[PDB]
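Just one chain follows, in the form deposited in one PDB entry, and it is written as structure tokens.
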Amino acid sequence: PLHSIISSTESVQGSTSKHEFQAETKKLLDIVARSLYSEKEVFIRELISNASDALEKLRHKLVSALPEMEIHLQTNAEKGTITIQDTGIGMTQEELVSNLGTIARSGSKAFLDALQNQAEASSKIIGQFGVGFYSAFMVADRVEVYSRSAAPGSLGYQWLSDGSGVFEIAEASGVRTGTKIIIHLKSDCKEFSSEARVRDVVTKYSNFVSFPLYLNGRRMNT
């Protein structure tokens, strides 16, 4: 008896605002693109860790009907997608622009510094530091984010990028509070639209995931 919250409720309303990635972000993305980094499956944990962070942030707002606090994965073999949705704190428009566009992540500063100071392949250095959210672009043709801040009266947004130069933001209706990230997989990365492949990855660490984690409606952790 399965438990799913992921469905196509969202629709883009009105016009698009166009944004450029920070220079350092473009550099990071290009390095990832042209690296031969083989453990691309890391993007799943990067996104689950972010979902967990967002749910933890939501707790900080609680005092004495509690909000649902869940992380959902869904694979779609036919569409070549993998989706992660959390019911956590979400992002304002300002937050989308800043958080998904810059190199604020402390590990990513360390990463970029390591590129200058280590006589190692980039793949090894990606292994050492990680690249956080941008790990999605290991596997994605295109990344499609919907987010709505848990703050009352906040609007929903769509953030779009193919990971080259530019990202877009538009207002969206039908966005649940929290964040949904839809990864449109590369033609050579379709393995991550398979339930079995994703289960095998996530099983290795689901016991360490602090919130309820579902894969295609099936509960993965205690």
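Shifts are known only where both forms have a C-alpha. Numbers for residues come from their place in the sequence shown, where the first is 1. Just so we're on the same page, rigid core means the largest C-alpha set that superposes within 1.5 Å between forms.
Keep in mind the form deposited in another entry is missing from the figure; the text below concerns it.
Engineer: Any chance the CA of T75 moves 2 angstroms or more between this form and the one not shown, core superposed?
Structural biologist: No: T75 shifts by under 2 Å between this form and the one not shown.
Engineer: On a rigid core superposition, would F133 pass a 2 Å threshold for CA movement between this form and the one not shown?
Structural biologist: Shift at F133: below 2 Å after core fit.
Engineer: Using a superposition on the rigid core, decide whether the Cα position of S108 changes by 2 angstroms or more between this form and the one not shown.
Structural biologist: It does, since the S108 C-alpha is displaced 2 Å or more between this form and the one not shown after the core fit.
Engineer: Do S135 and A33 have their C-alpha atoms closer or farther apart in the other entry than here, with the shift being 3 angstroms or more?
Structural biologist: Relative to the displayed form, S135 and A33 draw closer in the other entry - a change of at least 3 Å between their C-alphas.
Engineer: Mind checking the CA-CA distance of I183 and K109 in the other entry? It differs by 3 Å or more from this form, so is it closer or farther?
Structural biologist: Compared with this form, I183 and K109 lie farther apart in the other entry.
Engineer: Superpose the two forms on the rigid core, then report in sequence order the stretches of at least three consecutive residues whose Cα positions each move 2 Å or more between this form and the one not shown.
Structural biologist: Only these runs move by 2 Å or more: 29 to 36, 100 to 131.
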